[PDB]
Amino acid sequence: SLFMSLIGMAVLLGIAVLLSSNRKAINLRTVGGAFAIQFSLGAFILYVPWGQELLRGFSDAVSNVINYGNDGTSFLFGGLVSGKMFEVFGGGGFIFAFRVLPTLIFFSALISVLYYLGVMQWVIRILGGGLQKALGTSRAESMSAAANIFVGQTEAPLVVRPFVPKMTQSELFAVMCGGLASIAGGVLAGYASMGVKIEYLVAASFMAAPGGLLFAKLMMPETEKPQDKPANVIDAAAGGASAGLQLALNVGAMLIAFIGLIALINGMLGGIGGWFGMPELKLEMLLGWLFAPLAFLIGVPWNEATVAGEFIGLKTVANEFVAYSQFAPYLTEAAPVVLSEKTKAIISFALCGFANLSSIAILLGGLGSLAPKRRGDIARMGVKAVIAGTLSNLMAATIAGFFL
């Protein structure tokens, strides 16, 4: 029952220690408090009444911002995003390109505005400050952790960019992990626009800040000594819109290609598999069969572990956006397999993260531009940081399933 979850949490911690760079250098206060916060935060907003009300209150505000932004895309694409689309095309009336992608544009502009007004820096300074006083982590790596709740892995270190070129290997690794453990505000609203419960997305985004530091300081403890703008608000929105547009195009091209490639792979796997009496062999079968123990370990029922593995596996070997796209039909009344509400929550939390191999290349570009002489260290710690980010997402899912 609940005993299988606590074992899950133990196993995840165990792997991180086995993969640590120095188990004897692990700060017990740091990693103890880090797990304490993520677990308590999970308990707070998923179990206790007052915490649940604050979460559903924040989520409804996020849901209101999404609808407001939809006025923009409604103007541009008109009746192609209206209700008449469902009367004509039925299910295919929902055009992903016009329904989900424009959200990335609006939210990138909004967060750009919130940075200009100092609202973002205000929240980050509070959360980032609470972490470093409780965990003993450095100032810079804690701010980047807190920022990563709302923005992406390449945008979060920007709030501490003059400290990045000279921060320690453990600091840099943590910064990498904070980005891999979390997502971004823009894609968040995208996933929400696909049917993913906002309550789970907001919850997972916040639990990423302590969770990211947790596995950063487990797998790479501090063995060194750390240290220590647009002209107007309209320009900020325009710049954010531009950045969002570029991101929207990239995600769209990736989804067309990757899905197309998976369709090509499934065709080949059917022919190759047929040679071994398995003509029905697909990529989803391999991934499900391979990740089922991992899904079963984080709290997914035995009879649903394989289907859960398909999504968790797809997120790891590609990215969370593709995983969510294949998991979204399972959130409607036209779902091929009716899953339990607890399993739906676990997958939602386990997928909520940029933790994949492709993000290393993205970290080399973004985070590497802030410190060009540190691109070697980033590439070297890349895979370890991806694993650490994966453990953080899996821990958050285990915690989530435990309190649900």
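Note that residue numbering follows the sequence shown and begins at 1.
Counting the deposited residues that fall between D228 and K229 and carry no coordinates gives a value of 10 or more. Mean CA B-factor, 327-335 versus 95-103: the higher value falls on 327-335.
Stretches 63-71 and 336-344 differ in mean CA B factor, with 336-344 having the higher one. Note on the listed residues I360, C352, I26, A34: the highest Cα temperature factor in the record is that of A34. Within the selection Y115, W289, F77, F206, the deposited Cα B-factor values reach their highest point at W289. Among all modelled residues in its chain, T306 ranks in the highest third by Cα B-factor. Sort the modelled residues of the chain by CA B factor and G152 lands in the lowest third. When the modelled residues of the chain are ordered by their C-alpha B factor, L370 lands in the middle third.
Sort the modelled residues of the chain by CA B factor and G83 lands in the middle third.
Ranked against the other modelled residues of its chain, the C-alpha B-factor of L297 as given in the entry falls in the highest third.
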